[PDB]
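Below is final37.cif, holding mmCIF, C-alpha atoms and all ligand atoms.
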```
data_entry
loop_
_atom_site.group_PDB
_atom_site.id
_atom_site.type_symbol
_atom_site.label_atom_id
_atom_site.label_comp_id
_atom_site.auth_asym_id
_atom_site.auth_seq_id
_atom_site.Cartn_x
_atom_site.Cartn_y
_atom_site.Cartn_z
ATOM 1 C CA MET A 1 9.635 -38.992 95.237
ATOM 2 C CA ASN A 2 13.239 -39.261 94.102
ATOM 3 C CA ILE A 3 15.544 -41.801 92.332
ATOM 4 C CA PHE A 4 16.377 -43.591 95.631
ATOM 5 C CA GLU A 5 12.766 -44.150 96.740
ATOM 6 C CA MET A 6 11.910 -44.973 93.126
ATOM 7 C CA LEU A 7 14.486 -47.757 92.895
ATOM 8 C CA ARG A 8 13.749 -49.074 96.438
ATOM 9 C CA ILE A 9 10.119 -49.655 95.250
ATOM 10 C CA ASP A 10 11.242 -51.374 92.015
ATOM 11 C CA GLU A 11 13.926 -53.598 93.551
ATOM 12 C CA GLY A 12 12.842 -54.134 97.201
ATOM 13 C CA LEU A 13 15.329 -54.919 99.986
ATOM 14 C CA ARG A 14 16.714 -58.330 100.769
ATOM 15 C CA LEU A 15 19.312 -58.971 103.385
ATOM 16 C CA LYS A 16 20.103 -62.506 102.333
ATOM 17 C CA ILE A 17 21.534 -63.657 98.991
ATOM 18 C CA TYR A 18 18.716 -64.270 96.576
ATOM 19 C CA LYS A 19 18.202 -64.830 92.932
ATOM 20 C CA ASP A 20 16.897 -62.141 90.694
ATOM 21 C CA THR A 21 14.321 -62.397 87.941
ATOM 22 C CA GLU A 22 16.982 -63.771 85.595
ATOM 23 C CA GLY A 23 18.340 -66.218 88.097
ATOM 24 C CA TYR A 24 21.422 -64.313 89.137
ATOM 25 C CA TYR A 25 22.784 -64.073 92.608
ATOM 26 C CA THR A 26 21.797 -60.695 94.156
ATOM 27 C CA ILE A 27 21.581 -59.072 97.564
ATOM 28 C CA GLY A 28 20.245 -55.745 99.187
ATOM 29 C CA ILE A 29 18.620 -53.310 96.802
ATOM 30 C CA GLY A 30 19.054 -54.991 93.406
ATOM 31 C CA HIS A 31 22.809 -55.266 93.883
ATOM 32 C CA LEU A 32 23.902 -57.996 91.317
ATOM 33 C CA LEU A 33 26.670 -60.146 92.755
ATOM 34 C CA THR A 34 27.610 -62.569 89.942
ATOM 35 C CA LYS A 35 26.223 -64.155 86.884
ATOM 36 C CA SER A 36 27.914 -67.453 87.891
ATOM 37 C CA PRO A 37 25.745 -70.326 89.106
ATOM 38 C CA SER A 38 27.911 -70.862 92.035
ATOM 39 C CA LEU A 39 26.545 -69.796 95.368
ATOM 40 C CA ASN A 40 30.056 -69.902 96.536
ATOM 41 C CA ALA A 41 31.307 -67.619 93.878
ATOM 42 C CA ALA A 42 28.424 -65.358 95.102
ATOM 43 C CA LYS A 43 29.429 -65.409 98.761
ATOM 44 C CA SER A 44 32.937 -64.670 97.690
ATOM 45 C CA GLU A 45 31.902 -61.557 95.706
ATOM 46 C CA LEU A 46 29.643 -60.524 98.554
ATOM 47 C CA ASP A 47 32.495 -60.662 101.071
ATOM 48 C CA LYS A 48 34.629 -58.716 98.592
ATOM 49 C CA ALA A 49 31.988 -56.010 98.202
ATOM 50 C CA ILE A 50 31.375 -55.651 101.974
ATOM 51 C CA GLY A 51 34.804 -55.985 103.302
ATOM 52 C CA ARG A 52 34.023 -58.789 105.729
ATOM 53 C CA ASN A 53 33.239 -62.444 106.005
ATOM 54 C CA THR A 54 29.563 -62.405 105.571
ATOM 55 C CA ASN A 55 28.245 -65.916 105.139
ATOM 56 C CA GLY A 56 25.621 -64.405 102.683
ATOM 57 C CA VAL A 57 23.849 -62.137 105.159
ATOM 58 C CA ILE A 58 24.217 -58.340 105.471
ATOM 59 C CA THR A 59 22.739 -55.546 107.545
ATOM 60 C CA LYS A 60 20.438 -52.743 106.377
ATOM 61 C CA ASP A 61 23.156 -50.178 106.556
ATOM 62 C CA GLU A 62 25.374 -52.506 104.387
ATOM 63 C CA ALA A 63 22.581 -52.810 101.891
ATOM 64 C CA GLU A 64 22.105 -49.044 101.840
ATOM 65 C CA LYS A 65 25.789 -48.482 101.416
ATOM 66 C CA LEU A 66 25.903 -50.738 98.316
ATOM 67 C CA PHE A 67 22.786 -48.968 97.021
ATOM 68 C CA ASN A 68 24.385 -45.486 97.325
ATOM 69 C CA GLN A 69 27.416 -46.798 95.396
ATOM 70 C CA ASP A 70 25.330 -48.257 92.676
ATOM 71 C CA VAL A 71 23.184 -45.160 92.062
ATOM 72 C CA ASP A 72 26.330 -43.040 91.882
ATOM 73 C CA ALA A 73 28.014 -45.555 89.514
ATOM 74 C CA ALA A 74 24.802 -45.475 87.456
ATOM 75 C CA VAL A 75 24.811 -41.610 87.132
ATOM 76 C CA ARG A 76 28.557 -41.586 86.322
ATOM 77 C CA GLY A 77 28.197 -44.314 83.750
ATOM 78 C CA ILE A 78 25.497 -42.138 81.962
ATOM 79 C CA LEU A 79 27.659 -38.958 82.047
ATOM 80 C CA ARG A 80 30.662 -40.961 80.717
ATOM 81 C CA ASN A 81 28.790 -42.522 77.860
ATOM 82 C CA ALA A 82 28.719 -40.736 74.484
ATOM 83 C CA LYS A 83 25.399 -42.228 73.702
ATOM 84 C CA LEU A 84 23.710 -41.584 77.006
ATOM 85 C CA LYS A 85 25.049 -38.213 78.114
ATOM 86 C CA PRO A 86 23.305 -36.296 75.426
ATOM 87 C CA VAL A 87 19.913 -37.794 76.135
ATOM 88 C CA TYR A 88 20.307 -37.252 79.809
ATOM 89 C CA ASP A 89 21.316 -33.563 79.359
ATOM 90 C CA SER A 90 18.343 -33.036 77.241
ATOM 91 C CA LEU A 91 15.835 -34.311 79.740
ATOM 92 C CA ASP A 92 13.818 -32.812 82.696
ATOM 93 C CA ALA A 93 14.464 -34.020 86.285
ATOM 94 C CA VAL A 94 11.745 -36.700 86.347
ATOM 95 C CA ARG A 95 12.726 -38.211 83.048
ATOM 96 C CA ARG A 96 16.362 -38.246 84.177
ATOM 97 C CA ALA A 97 15.453 -40.479 87.134
ATOM 98 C CA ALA A 98 13.757 -42.867 84.760
ATOM 99 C CA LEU A 99 16.891 -43.315 82.607
ATOM 100 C CA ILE A 100 18.959 -43.755 85.708
ATOM 101 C CA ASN A 101 16.536 -46.504 86.616
ATOM 102 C CA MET A 102 17.003 -48.336 83.310
ATOM 103 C CA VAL A 103 20.754 -47.998 83.585
ATOM 104 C CA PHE A 104 20.803 -49.393 87.128
ATOM 105 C CA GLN A 105 18.849 -52.461 86.047
ATOM 106 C CA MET A 106 20.328 -53.096 82.700
ATOM 107 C CA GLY A 107 23.758 -51.547 82.621
ATOM 108 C CA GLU A 108 24.974 -48.682 80.484
ATOM 109 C CA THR A 109 25.870 -50.968 77.598
ATOM 110 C CA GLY A 110 22.378 -52.323 77.448
ATOM 111 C CA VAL A 111 20.535 -48.982 77.519
ATOM 112 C CA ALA A 112 23.070 -47.504 75.140
ATOM 113 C CA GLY A 113 21.777 -50.181 72.794
ATOM 114 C CA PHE A 114 18.199 -48.775 72.580
ATOM 115 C CA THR A 115 19.205 -46.619 69.695
ATOM 116 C CA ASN A 116 15.933 -45.671 68.269
ATOM 117 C CA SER A 117 14.182 -44.935 71.590
ATOM 118 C CA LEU A 118 17.088 -42.683 72.715
ATOM 119 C CA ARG A 119 16.682 -40.741 69.522
ATOM 120 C CA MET A 120 12.934 -40.326 70.117
ATOM 121 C CA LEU A 121 13.587 -39.316 73.726
ATOM 122 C CA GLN A 122 16.087 -36.636 72.638
ATOM 123 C CA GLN A 123 13.505 -35.303 70.183
ATOM 124 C CA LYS A 124 10.906 -35.237 73.034
ATOM 125 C CA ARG A 125 8.564 -37.513 71.101
ATOM 126 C CA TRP A 126 7.150 -39.103 74.309
ATOM 127 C CA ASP A 127 4.368 -41.370 72.990
ATOM 128 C CA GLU A 128 6.466 -42.849 70.232
ATOM 129 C CA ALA A 129 9.368 -43.509 72.491
ATOM 130 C CA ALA A 130 7.007 -45.314 74.899
ATOM 131 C CA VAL A 131 5.583 -47.549 72.185
ATOM 132 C CA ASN A 132 9.097 -48.378 70.997
ATOM 133 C CA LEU A 133 10.624 -49.147 74.355
ATOM 134 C CA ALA A 134 7.861 -51.773 75.005
ATOM 135 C CA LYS A 135 9.132 -53.750 72.045
ATOM 136 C CA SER A 136 11.982 -55.168 73.985
ATOM 137 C CA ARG A 137 12.975 -58.255 75.836
ATOM 138 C CA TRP A 138 13.095 -55.947 78.951
ATOM 139 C CA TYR A 139 9.411 -55.166 78.817
ATOM 140 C CA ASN A 140 8.533 -58.767 78.128
ATOM 141 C CA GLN A 141 10.531 -60.109 81.035
ATOM 142 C CA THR A 142 9.642 -57.493 83.791
ATOM 143 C CA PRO A 143 6.488 -55.899 82.392
ATOM 144 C CA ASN A 144 5.071 -54.216 85.591
ATOM 145 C CA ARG A 145 8.389 -52.580 86.294
ATOM 146 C CA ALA A 146 9.007 -51.670 82.626
ATOM 147 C CA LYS A 147 5.520 -50.125 82.526
ATOM 148 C CA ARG A 148 6.178 -47.938 85.445
ATOM 149 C CA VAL A 149 9.514 -46.731 83.962
ATOM 150 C CA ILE A 150 7.986 -46.230 80.606
ATOM 151 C CA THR A 151 5.173 -44.226 82.079
ATOM 152 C CA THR A 152 7.590 -41.920 83.902
ATOM 153 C CA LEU A 153 9.265 -41.338 80.538
ATOM 154 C CA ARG A 154 6.036 -40.742 78.603
ATOM 155 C CA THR A 155 4.556 -38.285 81.078
ATOM 156 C CA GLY A 156 7.375 -36.791 83.024
ATOM 157 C CA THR A 157 5.414 -37.265 86.361
ATOM 158 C CA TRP A 158 5.702 -39.701 89.238
ATOM 159 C CA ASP A 159 2.170 -40.994 88.766
ATOM 160 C CA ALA A 160 3.020 -44.692 88.283
ATOM 161 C CA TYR A 161 4.735 -44.634 91.581
ATOM 162 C CA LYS A 162 2.092 -42.897 93.555
HETATM 163 CL CL CL B 201 31.040 -53.449 94.692
HETATM 164 CL CL CL B 202 7.712 -56.761 86.718
#
```
Mind turning this structure into structure tokens?
Ligand SMILES: [Cl-]
Ligand SMILES: [Cl-]
Amino acid sequence: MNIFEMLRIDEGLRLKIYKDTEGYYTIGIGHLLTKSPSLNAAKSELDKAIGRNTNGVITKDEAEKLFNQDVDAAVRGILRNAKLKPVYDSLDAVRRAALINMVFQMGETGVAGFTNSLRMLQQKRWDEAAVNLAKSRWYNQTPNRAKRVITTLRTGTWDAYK
């Protein structure tokens, strides 16, 4: 199991513009297109991201290309962030995937905001960090997915995904 297969399970694959949990226009593997309510603003962004006139439909390869970009952008955002970098460096390889996961879903600004949990992660206080992360809008809105991520963090194993 690795970050890519982990995120593909959490996000799924959709080749046609869809709306995410929050209602935003998305496509492929959790690739957010726009927060705007306009389906046209969405097609527009989609064509911009792909480099062709898509009419809201992409191929698997296109979806996988956006996905590779986004995981890389996720890792780089963590290593560039003064709040995140230190937690990340401190963690084992499994735990690292889990923070990448959070960052992919919520953006670096958002995860950087979980101040207390990051501090408990850095101190390797696994159970307490788990209890604290669950006290969030995140957990309340996408509980099955949060649970899995949280579990990866608490245990350092891929159990939740197997
Ligand atoms: Cl893009
Ligand atoms: Cl969920």
Counting all atoms listed in the file, which protein, DNA or RNA residues come within 10 Å of ligand CL 201 (chain B), given as a PDB file with C-alpha atoms, in the frame of the given file?
```
ATOM      1  CA  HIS A  31      22.809 -55.266  93.883  1.00  0.00           C
ATOM      2  CA  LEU A  32      23.902 -57.996  91.317  1.00  0.00           C
ATOM      3  CA  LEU A  33      26.670 -60.146  92.755  1.00  0.00           C
ATOM      4  CA  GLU A  45      31.902 -61.557  95.706  1.00  0.00           C
ATOM      5  CA  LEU A  46      29.643 -60.524  98.554  1.00  0.00           C
ATOM      6  CA  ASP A  47      32.495 -60.662 101.071  1.00  0.00           C
ATOM      7  CA  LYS A  48      34.629 -58.716  98.592  1.00  0.00           C
ATOM      8  CA  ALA A  49      31.988 -56.010  98.202  1.00  0.00           C
ATOM      9  CA  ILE A  50      31.375 -55.651 101.974  1.00  0.00           C
ATOM     10  CA  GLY A  51      34.804 -55.985 103.302  1.00  0.00           C
ATOM     11  CA  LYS A  65      25.789 -48.482 101.416  1.00  0.00           C
ATOM     12  CA  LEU A  66      25.903 -50.738  98.316  1.00  0.00           C
ATOM     13  CA  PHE A  67      22.786 -48.968  97.021  1.00  0.00           C
ATOM     14  CA  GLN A  69      27.416 -46.798  95.396  1.00  0.00           C
ATOM     15  CA  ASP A  70      25.330 -48.257  92.676  1.00  0.00           C
ATOM     16  CA  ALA A  73      28.014 -45.555  89.514  1.00  0.00           C
TER      17      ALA A  73
END
```
Produce as a compact mmCIF listing (two decimals) with C-alpha atoms, in the frame of the given file the set of residues near ligand CL 202 (chain B), where near means within 8 Å with all atoms listed in the file considered.
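For reference, result-v2.txt as written:
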```txt
# COMPACT_ATOMS: atom_id res chain seq x y z
CA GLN A 141 10.53 -60.11 81.04
CA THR A 142 9.64 -57.49 83.79
CA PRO A 143 6.49 -55.90 82.39
CA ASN A 144 5.07 -54.22 85.59
CA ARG A 145 8.39 -52.58 86.29
CA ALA A 146 9.01 -51.67 82.63
```
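Atom pair atom CA of residue A:129 / atom CA of residue A:159 has a distance of 18.0 Å (rounded to one decimal).
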Exercise. Would you write out, as a PyMOL selection string, every residue that the PyMOL selection byres (((chain A and resi 11) around 10) and not hetatm) captures in this file?
Key: chain A and resi 6-10+12-14+20+28-31+105+145
Quiz prompt | Pick from A:34, A:82, A:77, A:27 nearest to residue A:60, counting all atoms listed in the file | solution = A:27
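Picture a line from atom CA of residue A:41 to atom CA of residue A:68; it runs 23.4 Å.
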Exercise. Using all atoms listed in the file, collect all residues at a distance of at most 9 Å from (12.3, -34.4, 83.9) as written in the file, then present them as a PyMOL selection string.
Key: chain A and resi 91-98+152-153+156-157
Create the file for the chosen residues now, containing C-alpha atoms and written as a PDB file, keeping the file's coordinate frame.
```pdb
ATOM      1  CA  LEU A  91      15.835 -34.311  79.740  1.00  0.00           C
ATOM      2  CA  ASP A  92      13.818 -32.812  82.696  1.00  0.00           C
ATOM      3  CA  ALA A  93      14.464 -34.020  86.285  1.00  0.00           C
ATOM      4  CA  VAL A  94      11.745 -36.700  86.347  1.00  0.00           C
ATOM      5  CA  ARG A  95      12.726 -38.211  83.048  1.00  0.00           C
ATOM      6  CA  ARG A  96      16.362 -38.246  84.177  1.00  0.00           C
ATOM      7  CA  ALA A  97      15.453 -40.479  87.134  1.00  0.00           C
ATOM      8  CA  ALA A  98      13.757 -42.867  84.760  1.00  0.00           C
ATOM      9  CA  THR A 152       7.590 -41.920  83.902  1.00  0.00           C
ATOM     10  CA  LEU A 153       9.265 -41.338  80.538  1.00  0.00           C
ATOM     11  CA  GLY A 156       7.375 -36.791  83.024  1.00  0.00           C
ATOM     12  CA  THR A 157       5.414 -37.265  86.361  1.00  0.00           C
TER      13      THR A 157
END
```
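Applied to the file shown here, the PyMOL selection byres (((chain A and resi 111-124) around 7) and not hetatm) selects residues 83, 84, 87, 90, 102, 103, 106, 107, 108, 109, 110, 125, 126, 128, 129, 132 and 133 of chain A.
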Quiz item: By how many Å are atom CA of residue A:147 and atom CA of residue A:101 apart?
Solution: 12.3 Å
Exercise. Would you be able to write out as a PyMOL selection string which residues have an atom within 7 Å of (7.5, -36.8, 93.1) in the file's coordinates, counting only C-alpha atoms?
Key: chain A and resi 1-2+158
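Restricting the calculation to all atoms listed in the file, the smallest distance between residue A:18 and any of A:43, A:148, A:85, A:80 is found for A:43.
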Test item: axis-aligned box, all listed atoms of stretch 147-153 of chain A, 6 Å on each side, centre and edges in Å rounded to one decimal, as AutoDock Vina command-line options:
```
--center_x 7.3 --center_y -45.7 --center_z 83.0 --size_x 16.3 --size_y 20.8 --size_z 16.9
```
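Between residue A:24 and the residues A:39, A:131, A:57, A:75, the shortest atom-to-atom distance, using only C-alpha atoms, involves A:39.
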